[PDB]
$ cat target_0.txt   # compact mmCIF, C-alpha atoms
# COMPACT_ATOMS: atom_id res chain seq x y z
CA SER A 1 0.00 0.00 0.00
CA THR A 2 0.84 3.68 -0.25
CA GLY A 3 -0.65 6.98 0.84
CA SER A 4 -0.27 10.57 -0.39
CA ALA A 5 -1.64 13.68 1.28
CA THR A 6 -1.22 17.38 0.72
CA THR A 7 0.13 19.46 3.59
CA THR A 8 -0.73 23.16 3.78
CA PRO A 9 0.83 26.05 5.73
CA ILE A 10 -1.44 27.37 8.50
CA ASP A 11 -0.52 30.99 7.86
CA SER A 12 1.49 33.36 5.67
CA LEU A 13 4.75 32.62 7.55
CA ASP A 14 4.66 28.81 7.29
CA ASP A 15 4.51 28.64 11.10
CA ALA A 16 3.29 25.05 10.77
CA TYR A 17 1.67 22.73 8.27
CA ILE A 18 -1.63 20.83 8.48
CA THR A 19 -2.57 17.61 6.74
CA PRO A 20 -6.10 16.16 6.59
CA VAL A 21 -6.54 12.85 8.41
CA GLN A 22 -9.62 10.62 8.42
CA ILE A 23 -10.48 9.11 11.82
CA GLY A 24 -13.30 6.71 12.61
CA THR A 25 -16.37 5.37 10.87
CA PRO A 26 -17.96 7.28 9.23
CA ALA A 27 -14.82 9.32 8.67
CA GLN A 28 -14.19 12.39 10.76
CA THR A 29 -11.61 14.56 9.04
CA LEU A 30 -9.26 16.51 11.27
CA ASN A 31 -6.34 18.67 10.18
CA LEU A 32 -3.25 17.42 12.02
CA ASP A 33 0.29 18.72 12.42
CA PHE A 34 2.58 15.92 11.19
CA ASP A 35 5.49 15.96 13.61
CA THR A 36 8.64 13.91 12.99
CA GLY A 37 9.86 15.17 16.39
CA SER A 38 7.25 13.38 18.53
CA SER A 39 5.39 10.08 18.63
CA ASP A 40 1.83 10.70 19.84
CA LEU A 41 -1.21 11.01 17.59
CA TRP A 42 -3.50 13.20 19.66
CA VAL A 43 -6.62 15.15 18.81
CA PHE A 44 -8.99 17.78 20.05
CA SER A 45 -12.11 15.82 20.97
CA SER A 46 -15.54 15.76 22.56
CA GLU A 47 -13.64 15.19 25.84
CA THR A 48 -11.53 18.35 25.60
CA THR A 49 -12.27 20.95 28.31
CA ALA A 50 -14.75 23.26 26.57
CA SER A 51 -12.97 26.46 27.56
CA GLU A 52 -9.81 25.12 25.85
CA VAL A 53 -11.46 24.61 22.46
CA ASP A 54 -11.58 27.68 20.20
CA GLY A 55 -12.48 26.80 16.62
CA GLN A 56 -10.81 23.39 16.24
CA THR A 57 -12.58 20.44 14.68
CA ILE A 58 -13.05 17.72 17.29
CA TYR A 59 -13.03 13.95 17.16
CA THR A 60 -16.11 12.44 18.77
CA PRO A 61 -15.46 8.77 19.47
CA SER A 62 -19.10 8.05 20.44
CA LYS A 63 -20.02 8.83 16.80
CA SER A 64 -17.53 6.29 15.42
CA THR A 65 -18.67 2.69 15.10
CA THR A 66 -15.03 1.51 15.07
CA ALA A 67 -13.87 3.47 18.14
CA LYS A 68 -12.98 1.49 21.26
CA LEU A 69 -11.78 2.86 24.58
CA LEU A 70 -8.27 1.63 25.33
CA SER A 71 -9.20 0.91 28.91
CA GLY A 72 -6.93 2.39 31.54
CA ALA A 73 -4.59 4.11 29.10
CA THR A 74 -3.64 7.75 29.61
CA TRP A 75 -1.18 10.10 27.98
CA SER A 76 0.56 13.36 28.79
CA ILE A 77 3.09 15.24 26.70
CA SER A 78 5.21 18.36 27.15
CA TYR A 79 6.86 19.86 24.10
CA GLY A 80 10.05 21.91 23.78
CA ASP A 81 8.19 25.19 23.30
CA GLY A 82 6.51 24.74 26.68
CA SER A 83 3.17 23.59 25.30
CA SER A 84 1.40 20.46 26.55
CA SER A 85 -1.66 18.23 26.32
CA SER A 86 -3.03 15.12 28.03
CA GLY A 87 -5.99 12.77 28.07
CA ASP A 88 -7.15 9.21 27.51
CA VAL A 89 -6.99 6.86 24.52
CA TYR A 90 -9.18 5.16 21.93
CA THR A 91 -8.26 2.81 19.13
CA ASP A 92 -9.88 3.56 15.77
CA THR A 93 -9.35 3.44 12.02
CA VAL A 94 -7.07 6.21 10.77
CA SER A 95 -6.41 6.97 7.12
CA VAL A 96 -3.91 9.37 5.59
CA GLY A 97 -4.02 10.07 1.89
CA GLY A 98 -5.67 6.75 1.11
CA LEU A 99 -3.51 4.66 3.47
CA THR A 100 -5.49 3.00 6.26
CA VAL A 101 -4.40 1.71 9.65
CA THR A 102 -6.89 -0.17 11.79
CA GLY A 103 -6.46 -0.23 15.56
CA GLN A 104 -4.45 3.02 15.67
CA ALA A 105 -4.12 4.64 19.08
CA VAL A 106 -5.95 7.97 18.90
CA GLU A 107 -5.10 10.00 21.97
CA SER A 108 -8.09 12.10 23.00
CA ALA A 109 -7.19 15.37 24.70
CA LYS A 110 -8.92 16.25 27.95
CA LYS A 111 -6.61 19.24 28.45
CA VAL A 112 -4.48 21.34 26.09
CA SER A 113 -2.26 24.32 26.83
CA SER A 114 -3.02 27.83 25.68
CA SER A 115 -0.85 27.73 22.55
CA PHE A 116 -2.96 24.85 21.20
CA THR A 117 -6.25 26.54 22.08
CA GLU A 118 -5.11 29.71 20.35
CA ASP A 119 -4.26 27.91 17.12
CA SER A 120 -7.70 27.28 15.63
CA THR A 121 -6.19 25.68 12.51
CA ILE A 122 -4.48 22.72 14.24
CA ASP A 123 -6.84 19.94 15.34
CA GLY A 124 -4.05 17.83 16.84
CA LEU A 125 -0.68 16.22 16.11
CA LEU A 126 0.37 13.08 14.29
CA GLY A 127 3.75 11.95 15.56
CA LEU A 128 6.26 10.39 13.18
CA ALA A 129 9.32 10.00 15.40
CA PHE A 130 10.16 6.59 16.83
CA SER A 131 7.53 4.83 18.94
CA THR A 132 9.90 4.67 21.93
CA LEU A 133 8.90 8.32 22.62
CA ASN A 134 5.16 7.60 22.73
CA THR A 135 3.72 8.75 26.06
CA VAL A 136 0.80 6.35 26.50
CA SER A 137 0.82 4.60 29.87
CA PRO A 138 0.85 1.85 31.02
CA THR A 139 1.05 0.30 27.54
CA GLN A 140 3.13 2.35 25.10
CA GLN A 141 1.55 2.70 21.66
CA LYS A 142 2.91 2.72 18.10
CA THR A 143 2.93 5.63 15.66
CA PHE A 144 0.79 5.62 12.52
CA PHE A 145 3.95 4.97 10.46
CA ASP A 146 5.08 2.10 12.68
CA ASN A 147 1.61 0.49 12.37
CA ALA A 148 1.47 1.03 8.58
CA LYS A 149 5.05 -0.04 7.84
CA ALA A 150 4.66 -3.74 7.14
CA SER A 151 1.83 -3.01 4.69
CA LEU A 152 3.71 -0.31 2.79
CA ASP A 153 5.32 -1.02 -0.58
CA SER A 154 8.57 0.33 0.92
CA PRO A 155 9.08 1.19 4.62
CA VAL A 156 9.46 4.92 4.08
CA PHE A 157 7.68 8.21 4.23
CA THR A 158 8.69 11.47 2.61
CA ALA A 159 8.24 15.11 3.52
CA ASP A 160 8.05 17.66 0.73
CA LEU A 161 7.16 20.93 2.45
CA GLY A 162 6.44 24.08 0.48
CA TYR A 163 7.69 27.61 0.95
CA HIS A 164 4.54 29.71 1.23
CA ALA A 165 2.78 26.91 -0.66
CA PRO A 166 1.28 23.45 -0.17
CA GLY A 167 3.42 20.33 -0.28
CA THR A 168 3.13 16.59 0.22
CA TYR A 169 3.60 13.74 2.66
CA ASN A 170 3.91 10.37 0.94
CA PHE A 171 3.90 6.97 2.62
CA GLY A 172 5.40 3.84 1.13
CA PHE A 173 7.03 5.21 -2.02
CA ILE A 174 9.52 7.77 -3.28
CA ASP A 175 8.11 10.09 -5.96
CA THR A 176 11.03 10.44 -8.36
CA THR A 177 9.32 13.43 -10.04
CA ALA A 178 9.35 15.46 -6.82
CA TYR A 179 13.07 16.22 -6.61
CA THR A 180 16.06 17.11 -8.77
CA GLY A 181 19.39 15.29 -8.97
CA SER A 182 19.97 12.38 -6.62
CA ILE A 183 19.00 11.63 -3.02
CA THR A 184 21.89 11.57 -0.53
CA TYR A 185 21.33 9.24 2.41
CA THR A 186 22.90 9.71 5.80
CA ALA A 187 22.99 7.67 9.02
CA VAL A 188 20.39 8.01 11.76
CA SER A 189 20.70 7.39 15.48
CA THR A 190 17.47 6.38 17.18
CA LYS A 191 19.05 6.49 20.65
CA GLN A 192 17.01 9.56 21.67
CA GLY A 193 13.91 8.47 19.71
CA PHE A 194 14.37 11.10 17.00
CA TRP A 195 15.41 11.14 13.36
CA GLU A 196 18.85 12.23 14.53
CA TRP A 197 21.66 12.68 12.02
CA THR A 198 24.92 14.58 11.53
CA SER A 199 25.23 17.37 9.00
CA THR A 200 28.69 17.74 7.47
CA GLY A 201 28.82 21.54 7.71
CA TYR A 202 27.49 24.86 6.49
CA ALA A 203 27.99 27.97 4.42
CA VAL A 204 26.59 31.49 4.73
CA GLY A 205 25.51 33.08 1.48
CA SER A 206 28.25 32.81 -1.16
CA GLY A 207 30.85 32.08 1.53
CA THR A 208 33.16 29.11 1.72
CA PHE A 209 31.81 25.87 3.15
CA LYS A 210 32.89 25.07 6.70
CA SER A 211 33.35 21.35 7.26
CA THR A 212 32.10 20.56 10.75
CA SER A 213 29.87 17.86 12.24
CA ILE A 214 26.49 19.15 13.42
CA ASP A 215 24.33 16.55 15.14
CA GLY A 216 20.63 17.37 14.99
CA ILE A 217 17.11 16.13 14.37
CA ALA A 218 14.86 16.32 11.34
CA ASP A 219 11.72 17.79 12.90
CA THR A 220 8.77 18.75 10.72
CA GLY A 221 6.96 19.94 13.86
CA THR A 222 9.49 22.67 14.62
CA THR A 223 9.14 25.87 12.58
CA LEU A 224 12.69 27.19 12.62
CA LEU A 225 16.29 26.04 12.18
CA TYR A 226 18.09 25.80 15.53
CA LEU A 227 21.87 25.46 15.34
CA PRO A 228 24.92 26.01 17.57
CA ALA A 229 25.53 29.57 18.70
CA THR A 230 28.79 29.74 16.72
CA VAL A 231 27.01 28.89 13.45
CA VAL A 232 24.09 31.23 14.10
CA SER A 233 26.39 34.14 14.98
CA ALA A 234 28.33 33.61 11.75
CA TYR A 235 25.06 33.75 9.80
CA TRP A 236 23.63 36.88 11.41
CA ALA A 237 26.98 38.70 11.28
CA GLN A 238 26.35 38.94 7.51
CA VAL A 239 23.13 40.95 7.99
CA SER A 240 23.60 44.66 8.77
CA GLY A 241 21.84 45.54 12.01
CA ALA A 242 20.98 41.99 13.06
CA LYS A 243 21.28 41.26 16.77
CA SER A 244 20.16 38.79 19.39
CA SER A 245 17.38 40.25 21.50
CA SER A 246 16.65 38.72 24.91
CA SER A 247 13.41 40.72 25.08
CA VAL A 248 12.13 39.28 21.79
CA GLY A 249 13.65 35.85 22.36
CA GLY A 250 16.17 35.47 19.57
CA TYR A 251 17.87 37.04 16.60
CA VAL A 252 16.07 39.92 14.91
CA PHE A 253 17.07 41.91 11.84
CA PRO A 254 15.98 45.07 10.03
CA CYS A 255 12.93 44.32 7.90
CA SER A 256 14.69 46.33 5.16
CA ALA A 257 17.39 43.65 4.86
CA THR A 258 18.05 41.21 2.06
CA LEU A 259 18.93 37.97 3.81
CA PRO A 260 21.73 35.69 2.61
CA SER A 261 21.11 32.02 1.90
CA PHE A 262 22.26 29.28 4.27
CA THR A 263 23.72 25.99 3.04
CA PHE A 264 23.91 22.78 5.07
CA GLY A 265 25.82 19.63 4.23
CA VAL A 266 24.42 16.13 3.83
CA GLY A 267 27.44 13.96 3.26
CA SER A 268 29.17 15.46 0.23
CA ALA A 269 25.87 17.01 -0.92
CA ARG A 270 24.60 20.51 -0.17
CA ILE A 271 21.10 21.85 0.56
CA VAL A 272 20.63 25.60 0.00
CA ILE A 273 18.05 27.47 2.04
CA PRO A 274 17.20 30.71 0.19
CA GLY A 275 17.41 33.87 2.26
CA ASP A 276 13.67 34.51 1.94
CA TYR A 277 12.94 31.26 3.85
CA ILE A 278 14.73 32.76 6.86
CA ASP A 279 12.38 35.78 7.10
CA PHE A 280 9.65 35.37 9.75
CA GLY A 281 8.40 38.91 9.48
CA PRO A 282 7.77 41.73 11.94
CA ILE A 283 8.18 40.86 15.61
CA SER A 284 4.85 42.59 16.22
CA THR A 285 2.33 44.02 13.81
CA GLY A 286 3.81 47.01 11.99
CA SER A 287 7.29 46.72 13.48
CA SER A 288 10.37 47.33 11.35
CA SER A 289 12.23 44.66 13.34
CA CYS A 290 11.84 41.20 11.80
CA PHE A 291 12.31 37.78 13.41
CA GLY A 292 14.98 35.43 12.11
CA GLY A 293 14.39 31.88 10.96
CA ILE A 294 17.79 30.63 12.10
CA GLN A 295 18.15 30.70 15.88
CA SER A 296 20.53 29.36 18.50
CA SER A 297 19.97 25.89 19.91
CA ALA A 298 21.93 26.77 23.05
CA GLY A 299 19.78 25.74 26.00
CA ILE A 300 17.58 23.34 23.98
CA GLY A 301 20.09 20.54 24.29
CA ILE A 302 19.85 19.47 20.64
CA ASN A 303 20.11 21.06 17.21
CA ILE A 304 16.88 21.06 15.21
CA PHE A 305 16.53 20.96 11.44
CA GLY A 306 12.98 22.31 11.47
CA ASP A 307 10.77 23.45 8.62
CA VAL A 308 13.09 26.29 7.53
CA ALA A 309 15.68 23.65 6.60
CA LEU A 310 13.41 20.78 5.59
CA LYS A 311 11.24 22.81 3.19
CA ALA A 312 14.38 23.47 1.11
CA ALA A 313 14.61 19.71 0.40
CA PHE A 314 12.80 16.56 -0.52
CA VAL A 315 13.34 14.45 2.62
CA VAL A 316 13.14 10.65 2.90
CA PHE A 317 12.46 9.13 6.30
CA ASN A 318 13.63 5.57 5.73
CA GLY A 319 12.21 3.23 8.37
CA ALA A 320 14.05 0.14 7.21
CA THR A 321 15.59 -2.09 9.87
CA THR A 322 18.54 0.31 9.96
CA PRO A 323 16.86 3.69 9.57
CA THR A 324 18.39 6.46 7.48
CA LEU A 325 17.50 9.92 6.19
CA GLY A 326 17.73 11.06 2.58
CA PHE A 327 17.91 14.62 1.27
CA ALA A 328 17.54 15.87 -2.29
CA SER A 329 17.28 19.33 -3.77
CA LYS A 330 14.02 20.19 -5.52
$ encode --input "target_0.txt" --output "structure tokens"
Amino acid sequence: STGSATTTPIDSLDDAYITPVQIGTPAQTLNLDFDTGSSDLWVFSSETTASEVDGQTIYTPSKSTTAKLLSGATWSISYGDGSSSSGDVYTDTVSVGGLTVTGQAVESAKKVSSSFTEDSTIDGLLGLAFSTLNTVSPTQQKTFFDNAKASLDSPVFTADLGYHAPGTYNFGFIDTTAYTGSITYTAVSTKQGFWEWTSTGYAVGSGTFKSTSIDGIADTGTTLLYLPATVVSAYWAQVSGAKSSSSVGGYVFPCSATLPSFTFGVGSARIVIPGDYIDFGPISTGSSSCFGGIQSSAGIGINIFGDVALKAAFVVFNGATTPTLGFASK
């Protein structure tokens, strides 16, 4: 089997991407944030505290003939931006882009933090990291990909995110029309439960490439590119007036600037992020200070190749027995 679904930015800045997902019988379609940095599929639901729902579409398990309470199971997750959610668990039929998993754990939120409530366009998350990070207790549950894998034509999924445009998540096949040149594959460590890999270096604009190992994760659920302070300083030093602002919470730059590109290495290959992808616009409405899309990872504890980086590539998440990651230009 295979599946193919379009993923769409939630706003004009590509702050996140939503992908339609069919849950239950008859289908209930919710727009989920596909997140290769976590491993819980959770949804706004009929059980979510009413005051914490503000425009989201909810999953109602009592209206699904295939829903079954997973008795005794609970979940609770805290993300790296400080957001969180928790609740109980059902199993139900879940389909993405034509690909169907029966008996998928669907984690029903009883509580969500304010950032989730305030984002009316995101109806929940679909985790695509390794199942060892799944938070369901006392019986840990598998991701949608892990459940689908044996049925897929090939044990892979791909992320093809757009810049200010829709893109695609494919399951079970590599669309050879969706990228240019060849795909370069690189080793993955699953020791921390992430799609963790080591970039071979970077360049700023038209500058010379610096060969240096940068360990980080491929995380479709993180908006920005978070890299070591040394790397980030070298980037922003090429933008007149750019500075790190503790009051704003990162690097800002004059909105009048033309940003340089940023290149990262994948083995001997190179992925170029155009300067425009690094512009996240005014810090507040009407400001002439703009927020940068490359930020320091210092204090996070890991480097994160988020959407800013990933949307510059066609990315293969290879879930073969020895997992790997592939990157191609597009």
$ residues_around --input "target_0.txt" --residues "region 303-306 of chain A" --least-positions-apart "5" --cutoff "7 Å" --atoms "all atoms listed in the file" --output "PyMOL selection string"
chain A and resi 215-228+297
$ residues_around --input "target_0.txt" --residues "region 128-131 of chain A" --least-positions-apart "6" --cutoff "10 Å" --atoms "only C-alpha atoms" --output "JSON, numbers by chain"
{"A": [34, 35, 36, 37, 38, 39, 40, 41, 140, 141, 142, 143, 144, 145, 146, 147, 157, 190, 191, 192, 193, 194, 195, 196, 217, 218, 219, 220, 221, 317, 319]}
$ residues_around --input "target_0.txt" --residues "residue 122 (chain A)" --least-positions-apart "4" --cutoff "7 Å" --atoms "only C-alpha atoms" --output "MDAnalysis selection string"
chainID A and resid 18 31:33 56
$ residues_around --input "target_0.txt" --residues "residue 108 (chain A)" --least-positions-apart "4" --cutoff "8 Å" --atoms "all atoms listed in the file" --output "list in words"
residues 42, 43, 44, 45, 47, 48, 59, 86, 87, 88, 89 and 90 of chain A
$ closest_residue --input "target_0.txt" --among "A:50, A:296, A:167, A:162" --to "residue 5 (chain A)" --atoms "all atoms listed in the file"
A:167
$ atom_distance --input "target_0.txt" --atom1 "CA of residue 256 (chain A)" --atom2 "CA of residue 242 (chain A)"
11.0 Å
$ residues_near_point --input "target_0.txt" --point "(-2.0, 27.4, 22.4)" --cutoff "10 Å" --atoms "all atoms listed in the file" --output "mmCIF file with C-alpha atoms, in the coordinates of the input"
data_model
loop_
_atom_site.group_PDB
_atom_site.id
_atom_site.type_symbol
_atom_site.label_atom_id
_atom_site.label_comp_id
_atom_site.auth_asym_id
_atom_site.auth_seq_id
_atom_site.Cartn_x
_atom_site.Cartn_y
_atom_site.Cartn_z
ATOM 1 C CA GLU A 52 -9.810 25.120 25.850
ATOM 2 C CA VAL A 53 -11.460 24.610 22.460
ATOM 3 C CA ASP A 54 -11.580 27.680 20.200
ATOM 4 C CA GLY A 82 6.510 24.740 26.680
ATOM 5 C CA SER A 83 3.170 23.590 25.300
ATOM 6 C CA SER A 84 1.400 20.460 26.550
ATOM 7 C CA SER A 85 -1.660 18.230 26.320
ATOM 8 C CA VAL A 112 -4.480 21.340 26.090
ATOM 9 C CA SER A 113 -2.260 24.320 26.830
ATOM 10 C CA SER A 114 -3.020 27.830 25.680
ATOM 11 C CA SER A 115 -0.850 27.730 22.550
ATOM 12 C CA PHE A 116 -2.960 24.850 21.200
ATOM 13 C CA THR A 117 -6.250 26.540 22.080
ATOM 14 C CA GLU A 118 -5.110 29.710 20.350
ATOM 15 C CA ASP A 119 -4.260 27.910 17.120
ATOM 16 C CA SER A 120 -7.700 27.280 15.630
ATOM 17 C CA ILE A 122 -4.480 22.720 14.240
#
$ atom_distance --input "target_0.txt" --atom1 "CA of residue 277 (chain A)" --atom2 "CA of residue 310 (chain A)"
10.6 Å
$ residues_around --input "target_0.txt" --residues "residue 63 (chain A)" --least-positions-apart "2" --cutoff "12 Å" --atoms "all atoms listed in the file" --output "PyMOL selection string"
chain A and resi 23-28+45-46+58-61+65-68+92
$ closest_residue --input "target_0.txt" --among "A:51, A:206, A:255, A:298" --to "residue 230 (chain A)" --atoms "only C-alpha atoms"
A:298
